4 protein chains.
Amino acid sequence: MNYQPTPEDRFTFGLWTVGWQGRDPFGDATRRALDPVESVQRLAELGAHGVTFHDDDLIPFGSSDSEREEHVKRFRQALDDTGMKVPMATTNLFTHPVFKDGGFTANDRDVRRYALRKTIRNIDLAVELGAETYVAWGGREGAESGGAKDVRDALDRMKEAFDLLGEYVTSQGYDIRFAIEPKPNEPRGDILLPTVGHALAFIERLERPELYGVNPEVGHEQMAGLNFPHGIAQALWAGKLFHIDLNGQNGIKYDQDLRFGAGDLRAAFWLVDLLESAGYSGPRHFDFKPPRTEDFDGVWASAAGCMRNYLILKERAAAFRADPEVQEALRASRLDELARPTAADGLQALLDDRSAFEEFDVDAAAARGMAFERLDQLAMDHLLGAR
Amino acid sequence: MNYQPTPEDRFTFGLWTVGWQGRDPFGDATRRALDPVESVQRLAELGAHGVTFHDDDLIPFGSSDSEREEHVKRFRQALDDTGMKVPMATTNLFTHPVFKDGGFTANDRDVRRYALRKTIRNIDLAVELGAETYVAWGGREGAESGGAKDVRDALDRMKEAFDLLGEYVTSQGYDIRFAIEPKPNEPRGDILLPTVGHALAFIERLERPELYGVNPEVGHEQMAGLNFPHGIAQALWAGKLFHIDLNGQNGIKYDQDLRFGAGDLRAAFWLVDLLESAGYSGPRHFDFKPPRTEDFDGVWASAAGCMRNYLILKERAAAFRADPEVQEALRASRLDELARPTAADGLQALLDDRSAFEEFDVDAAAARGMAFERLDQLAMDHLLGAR
Amino acid sequence: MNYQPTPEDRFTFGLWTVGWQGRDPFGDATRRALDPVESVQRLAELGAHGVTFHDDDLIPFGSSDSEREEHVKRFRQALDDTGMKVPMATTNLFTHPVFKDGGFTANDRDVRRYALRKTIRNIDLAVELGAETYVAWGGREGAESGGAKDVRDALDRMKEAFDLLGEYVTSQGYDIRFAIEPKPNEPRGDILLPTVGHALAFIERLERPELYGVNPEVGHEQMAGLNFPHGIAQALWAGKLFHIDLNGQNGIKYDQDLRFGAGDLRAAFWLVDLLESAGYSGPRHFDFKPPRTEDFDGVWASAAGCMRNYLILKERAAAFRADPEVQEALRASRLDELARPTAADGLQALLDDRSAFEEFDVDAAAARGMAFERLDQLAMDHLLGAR
Amino acid sequence: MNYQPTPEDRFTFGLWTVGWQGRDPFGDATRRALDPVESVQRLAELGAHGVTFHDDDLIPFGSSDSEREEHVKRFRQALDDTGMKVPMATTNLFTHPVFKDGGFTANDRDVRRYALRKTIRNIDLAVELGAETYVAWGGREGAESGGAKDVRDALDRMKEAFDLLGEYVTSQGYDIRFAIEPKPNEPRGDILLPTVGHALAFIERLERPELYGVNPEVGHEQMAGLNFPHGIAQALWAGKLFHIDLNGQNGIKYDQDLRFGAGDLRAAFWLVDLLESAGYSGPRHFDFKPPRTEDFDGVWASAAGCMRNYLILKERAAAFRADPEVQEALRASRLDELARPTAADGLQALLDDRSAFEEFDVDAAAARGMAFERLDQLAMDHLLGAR
Ligand SMILES: *C[C@H]1[C@H](O)[C@@H](CO)O[C@]1(O)CO
Ligand SMILES: *C[C@H]1[C@H](O)[C@@H](CO)O[C@]1(O)CO
Ligand SMILES: *C[C@H]1[C@H](O)[C@@H](CO)O[C@]1(O)CO
Ligand SMILES: *C[C@H]1[C@H](O)[C@@H](CO)O[C@]1(O)CO
Ligand SMILES: [Mn+2]
Ligand SMILES: [Mn+2]
Ligand SMILES: [Mn+2]
Ligand SMILES: [Mn+2]
Ligand SMILES: [Mn+2]
Ligand SMILES: [Mn+2]
Ligand SMILES: [Mn+2]
Ligand SMILES: [Mn+2]
């Protein structure tokens with residue numbers, strides 16, 4: 001009873017994940033930097049399908065065109081040697097001190113133009129390597145104090161930046177879509193578009209909404225105490241789940257980025273149940289950081305645990321939905337009735353229906369138990385294999 | 001140096017606020033029920049402009065048409081005697097046991113039809129009394145466990161309900177708009193459309209989006225650790241701030257509903273600064289609960305404190321924006337540059353601009369300080385009157 | 001592969017748990033009151049070992065001595081008929097309006113004396129029924145505002161009350177110990193002795209500290225985002241884990257009191273691992289509330305799930321500690337070295353030891369990986385039965 | 001109406017505060033390192049009374065005895081030139097990779113011995129410079145996973161380390177006391193002794209408890225959603241408030257370390273009211289980080305704001321306690337009765353007192369309002385100078 005990933009499971013990792021040196025707000029790096037080529041080769045051996053990157057993880061900031069070409073050729077050769085793909089790319093608009101007040105919403109206009117130029121250079125590179133999704137995480141867009149940022153002007157600048165990138169893509173004829181990833185705080189006191197709902201609502205005001213979706217991250221909605229599977233069902237309902245970042249988080253605290261399955265394990269089960277039952281077919285990407293307590297062996301063990309946890313959860317959710325006893329419980333709790341229209345008969349019919357009001361027996365309907373606890377224990381038994 | 005409210009300040013209160021008997025999850029009522037007529041008269045004496053109500057606060061659940069008419073006539077006479085208005089009305093779809101699994105998203109279809117009928121009866125009453133906004137708080141829509149609610153089917157049922165109410169309003173020719181009020185949890189484990197962003201995104205999928213906005217509540221976004229003034233700027237940016245619920249909350253915990261100004265006092269200052277500078281002209285509604293430790297004198301003192309706090313905050317934010325030294329600091333922090341387009345020159349111009357990339361001096365731009373702390377201390381001095 | 005509780009597992013429940021009518025801050029009761037006799041009989045059939053009670057769950061507030069005796073005789077007969085025990089009793093000092101500002105720390109002295117008298121009457125009853133532990137939850141001790149309670153005077157009054165109860169017990173020669181249960185908020189804005197550490201520190205200032213321990217509750221430390229198993233290890237380290245309240249909670253929000261195993265499932269696993277490995281031999285008490293969505297069948301199903309979850313977790317933690325591969329991993333992560341004294345050789349020896357400083361090779365020690373992720377995945381595999 | 005600090009206000013700052021280069025989990029330093037000599041001179045000009053330091057802020061890790069002596073002589077000359085004192089010193093047991101699993105509770109015994117040796121070397125230096133308090137923050141003591149740390153063995157190692165340091169101090173005849181500073185998480189997933197209560201309870205198990213107190217930090221208890229002024233009243237009640245760390249934090253999130261007065265402004269008011277009314281006479285130390293958005297001018301402006309905010313709050317709390325109208329309100333809310341013994345008459349007298357039970361009129365006592373809202377609005381008016 002083994003759970004081995006294969007490239008067909010679509011498991012992906014950022015170069016910055018297994019590549020995290022372990023520098024935190026209070027401590028120095030505990031591990032030496034890894035060459036991207038080595039990470040590609042080690043991930044291919046564990047069964048991953050591909051890798052993702054921020055421009056600066058691949059090309060050291062400030063590289064001359066000559067060095068650039070060389071970093072790209074070497075990476076390209078490792079992808080050719082392993083059959084690894086690059087489904088998503090993104091921009092680092094947060095490390096360099098120039099981005100201290102943001103990229104697209106920095107108060108200085110010069111910095112905003114530079115941010116857009118640095119992003120466009122990376123879209124051309126992503127297209128060349130075959131990425132289908134381009135993620136945007138505005139980690140420096142926000143503030144630590146109320147007067148420092150007028151939010152309405154900041155959203156106009158954010159809209160302007162995204163509309164210009166959609167103009168660029170369409171003008172070049174590229175087949176690439178954008179995914180905004182929300183985060184409520186850290187490193188800024190408060191970050192703009194803090195949750196999946198704030199990002200979905202913002203998208204609706206862009207000039208070409210169809211080019212943009214969301215890249216929700218497990219730990220980020222949990223940093224606001226929200227239910228991750230409910231936010232994902234809302235992104236699926238809107239047709240905007242373009243990509244997803246998988247990891248673990250223990251509650252409302254700093255962003256831990258623990259391996260997938262760590263953190264809220266029951267939320268992990270319900271998320272896998274939803275992705276698999278809705279038919280999500282994008283990459284299963286891990287945005288995690290192997291703890292700084294680990295050496296290189298612990299890095300690979302942590303990345304391997306990410307994929308394993310997904311596969312065990314997949315099996316338990318499939319056994320849960322497939323159990324006749326669970327199907328019976330779902331009917332007992334009226335999940336079948338939630339799926340039926342409340343009033344397909346129309347407004348006039350509902351208004352004339354005496355059984356909906358005048359003769360509705362409220363006490364009899366109130367007395368019906370929902371049987372949710374029996375259903376939840378069945379889900380618990382299946383997650384634990386005590387079924 | 002007094003701060004006296006007048007009906008022109010547009011201060012409103014729910015009947016259920018000063019009318020809260022003090023029953024909590026762990027204790028019995030500490031105060032006798034108040035007749036709505038008495039609350040109207042006491043609020044008019046404190047300087048309020050109007051009151052709001054849930055159907056059941058005005059007409060005891062189960063009232064016969066005869067008793068209904070009588071409760072309405074008496075209320076109407078107290079409004080005529082005091083000049084109080086009723087700008088907003090809403091439905092109680094949470095107290096009666098029948099709503100234990102929700103109103104519009106209850107799993108039982110019969111309950112969903114009943115919820116819609118109970119709501120429509122109250123819209124006719126609200127229109128008759130002159131309300132311009134009809135609020136919807138789905139406090140029972142959500143779940144305590146993952147299998148109990150399929151969220152995509154729940155959003156289809158929620159969409160269906162709102163579309164049917166927009167069909168009803170348009171069919172009757174009423175001038176009334178809807179405002180959804182988000183709340184992340186309590187009484188359900190997790191509530192659907194948990195934050196202002198989730199409610200704004202949902203609105204965009206209704207058949208007539210222009211009929212719906214949001215009614216954000218101070219304490220509810222704070223229950224998710226979010227910045228209330230930033231969520232309000234986002235609702236203003238979208239043109240959807242139809243109404244607002246003012247109160248106080250001390251962090252991530254149960255919903256306290258403390259008087260406005262209690263809780264996060266600096267967030268209260270920045271919210272008043274934003275409402276007044278954006279020109280919000282709807283009601284300033286208080287959705288609060290005088291603590292159960294109080295008698296009737298403490299109830300009126302708490303409601304009076306709500307209005308006073310708003311007025312003191314209004315004065316301090318106006319003195320802050322009006323100070324030449326602050327205007328100078330805003331320019332020093334580049335708030336003026338955040339308001340200018342990043343690239344009014346267009347994409348091609350930005351692409352050809354060498355000053356935006358090829359010749360941009362990153363180290364010089366990085367070295368510029370933002371001067372936000374000096375600006376924040378000025379705001380602090382003005383809030384405390386130490387200016 | 002079944003997990004059937006027997007009275008030998010020491011599973012206990014409060015009358016107020018399966019007896020919860022479902023009244024919440026926003027809604028009416030969804031279930032009829034249960035007679036304590038019926039609850040005793042139903043719990044005995046599920047395999048529970050005993051029940052616990054607050055004075056008011058057994059004797060309706062205000063009962064005459066005549067009615068009192070009658071409620072006691074009937075209860076006593078149901079305990080005799082089923083073989084159920086009563087290991088713990090406690091006082092309701094939170095429901096009646098008189099306790100609106102507290103019991104032992106109410107500002108009115110008359111209320112504080114009444115609280116003590118009501119408590120002493122219940123200690124005599126608990127002793128008569130055989131309880132060995134008397135719990136104290138000061139749910140109304142605290143405040144919603146800063147000026148309402150001087151905390152140093154409130155701790156003097158709290159100390160005074162506990163010292164008087166220890167004087168009473170010793171004077172009567174009773175074999176009963178006290179357990180304080182902490183809670184950080186709800187129903188008060190902030191509650192005194194908010195966490196297990198605040199309660200342990202307070203105990204050390206009582207006149208007879210040996211008579212008092214703690215009754216930590218899973219969901220209460222989680223309402224402050226703390227690690228429940230770490231707080232329990234600290235109460236065990238101090239020799240003060242007198243009793244424990246088991247339940248589930250999904251993060252920092254209102255107190256959910258979900259069935260044990262719901263909420264943070266990995267914290268439940270590590271707590272069971274600790275109770276069983278430390279040899280805790282007190283009752284495994286469930287302080288939970290079957291959701292108001294349920295009827296009586298759902299109440300019994302929820303209580304049965306509490307015991308089942310404990311038993312499955314017990315098996316998985318025992319299989320985890322018993323696996324040779326895990327024992328090897330524990331040695332690889334140096335758990336054996338954490339158990340050895342850092343300097344049994346003494347201060348002078350450590351000061352003269354050049355290998356501890358002058359010749360310590362920091363880079364070599366820094367480079368050693370801790371291998372915690374491999375260990376954590378082993379724990380994950382065992383919890384999920386994928387081992 | 002100015003508020004100028006003088007050395008007599010006892011304001012202190014860590015070298016690491018104004019010296020923070022701005023490196024965060026997601027970005028590079030935005031400011032050049034400051035020489036400690038420059039910080040001493042700039043702080044003396046703003047009116048500070050002294051500075052504090054971690055060993056590594058003063059002596060670069062790895063310095064030879066020769067360089068050590070030189071860093072000390074230069075610092076000593078700047079203290080002599082400005083009249084600045086050094087009231088507290090502490091150890092960096094968190095930055096170097098060797099401390100990745102802790103200092104005193106690292107699983108490797110060699111690292112624990114090294115941690116103790118590095119600490120003892122710094123106590124001798126602190127004594128030489130005149131510090132009276134030696135702080136201990138175990139930021140790396142804790143874990144990200146359940147199996148990595150047995151907490152009971154970790155507390156035995158923590159006790160062992162503190163007992164050895166108390167043996168060292170007593171053996172050398174030094175007049176120095178220890179203060180443990182709690183923090184609930186960050187950088188570890190969960191940190192041991194997470195709150196002021198966990199640290200106070202732990203102290204009671206050391207061999208010489210009188211040598212140890214607490215150094216609570218505003219933002220750290222707020223990271224657990226707790227009330228900082230209530231935790232401080234508890235440390236004062238126990239006689240253990242040896243030192244204090246002042247700053248601001250906006251809720252449950254990463255540790256912001258904002259300037260004092262930022263964050264929860266009403267908690268800042270109640271804390272100043274308590275320190276001043278209890279007569280705390282230790283240093284008013286700021287443990288803050290000027291935001292990375294700032295240049296050197298913004299660093300000094302932020303440190304100056306820390307002291308200003310304290311002084312404005314001091315004035316408003318003194319005006320609040322001094323107002324006859326407030327004294328009257330305090331009596332109306334029975335604060336005077338909370339300060340009187342509940343039963344100075346003794347247990348027997350209380351037991352025989354019929355007015356405490358048999359004839360106590362519960363309904364009359366329940367009906368008395370506490371008048372807390374009127375009192376809280378008075379406090380609000382005084383904080384805002386609207387009084
Ligand atoms: C480095 C980033 C990217 O912006 C995003 C890619 O999904 O994930 C992060 O790690 C930020 O969360
Ligand atoms: C009773 C409700 C209404 O639905 C809303 C009116 O603004 O406010 C509440 O009190 C729910 O928050
Ligand atoms: C009713 C109470 C008791 O004080 C305690 C018994 O363990 O548990 C509660 O339910 C309060 O948490
Ligand atoms: C650098 C530390 C010290 O341990 C403590 C001194 O009060 O404060 C910090 O900044 C850790 O919070
Ligand atoms: Mn993250
Ligand atoms: Mn991510
Ligand atoms: Mn509310
Ligand atoms: Mn509201
Ligand atoms: Mn509880
Ligand atoms: Mn309990
Ligand atoms: Mn801090
Ligand atoms: Mn500190």
Side-chain angles (χ1 to χ4, degrees), chain A residues 12 14-17 20 26 52-54 56-57 88-95 133-139 179-183 215 217 219-220 243-245 247 255 257 285-289, chain B residues 26, chain C residues 12 14-17 20 52-54 56-57 88-95 133-139 179-183 215 217 219-220 243-245 247 255 257 285 287-289, chain D residues 12 14-17 20 26 52-54 56-57 88-95 133-139 179-183 215 217 219-220 243-245 247 255 257 285-289:
Chain A
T12 64
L15 282 187
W16 74 85
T17 67
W20 188 57
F26 301 89
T52 74
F53 66 97
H54 272 280
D56 296 2
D57 286 331
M88 181 274 274
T90 178
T91 326
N92 186 314
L93 310 174
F94 51 84
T95 304
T133 306
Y134 195 90
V135 163
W137 171 54
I180 289 160
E181 165 188 297
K183 187 185 191 176
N215 182 45
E217 185 176 306
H220 299 181
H243 197 264
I244 197 166
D245 280 11
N247 59 21
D255 180 38
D257 289 350
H285 182 244
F286 299 106
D287 180 12
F288 87 108
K289 286 174 174 39
Chain B
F26 301 89
Chain C
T12 64
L15 282 187
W16 74 85
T17 67
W20 188 57
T52 74
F53 66 97
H54 272 280
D56 296 2
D57 286 331
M88 181 274 274
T90 178
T91 326
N92 186 314
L93 310 174
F94 51 84
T95 304
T133 306
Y134 195 90
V135 163
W137 171 54
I180 289 160
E181 165 188 297
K183 187 185 191 176
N215 182 45
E217 185 176 306
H220 299 181
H243 197 264
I244 197 166
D245 280 11
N247 59 21
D255 180 38
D257 289 350
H285 182 244
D287 180 12
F288 87 108
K289 286 174 174 39
Chain D
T12 64
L15 282 187
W16 74 85
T17 67
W20 188 57
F26 301 89
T52 74
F53 66 97
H54 272 280
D56 296 2
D57 286 331
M88 181 274 274
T90 178
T91 326
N92 186 314
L93 310 174
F94 51 84
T95 304
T133 306
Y134 195 90
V135 163
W137 171 54
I180 289 160
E181 165 188 297
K183 187 185 191 176
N215 182 45
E217 185 176 306
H220 299 181
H243 197 264
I244 197 166
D245 280 11
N247 59 21
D255 180 38
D257 289 350
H285 182 244
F286 299 106
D287 180 12
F288 87 108
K289 286 174 174 39

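Chain A is the first sequence line, chain B the second, and so forth, proteins listed ahead of strands; every chain is numbered from 1. Both counts, for ligands and for their atoms, begin at 1 and track the order of listing. Just so it is clear, the values below take in all heavy atoms, side chains as well, and ignore hydrogens, waters and symmetry mates.
- Of all non-hydrogen atoms in A:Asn92 and A:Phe94, the two that sit nearest each other are OD1-N, 3.0 Å.
- For the side chain to side chain contact (heavy atoms under 4.5 Å, CB included) test, residues two or more places apart in sequence or in another chain that qualify with D:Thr17 are D:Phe13, D:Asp287, D:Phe288.
- Summarising the geometry, atom CZ belonging to D:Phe286 is positioned 8.0 Å from atom OG1 belonging to D:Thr12; distances are rounded to the nearest 0.5 Å.
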Discussion item. Show, in sequence, the C-alpha distance, side-chain angles and deciding distance for C:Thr52 and C:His285, and conclude whether the side-chain hydrogen bond (donor to acceptor under 3.5 Å, both in side chains) test is met.
Written reply: CA-CA 9 Å; C:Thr52 74; C:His285 182 244; 2.9 Å; yes
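- A ring-centre distance under 6.0 Å is not found for D:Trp16 and A:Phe26.
- Between C:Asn215 and C:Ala179, the shortest heavy-atom contact is CB-CB, 3.8 Å.
- Listed by chain and residue number, the protein contacts of ligand 1 are A:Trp16, A:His54, A:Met88, A:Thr90, A:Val135, A:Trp137, A:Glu181, A:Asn215, A:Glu217, A:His220, A:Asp245, A:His285, A:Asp287 (heavy atom within 4.0 angstrom).
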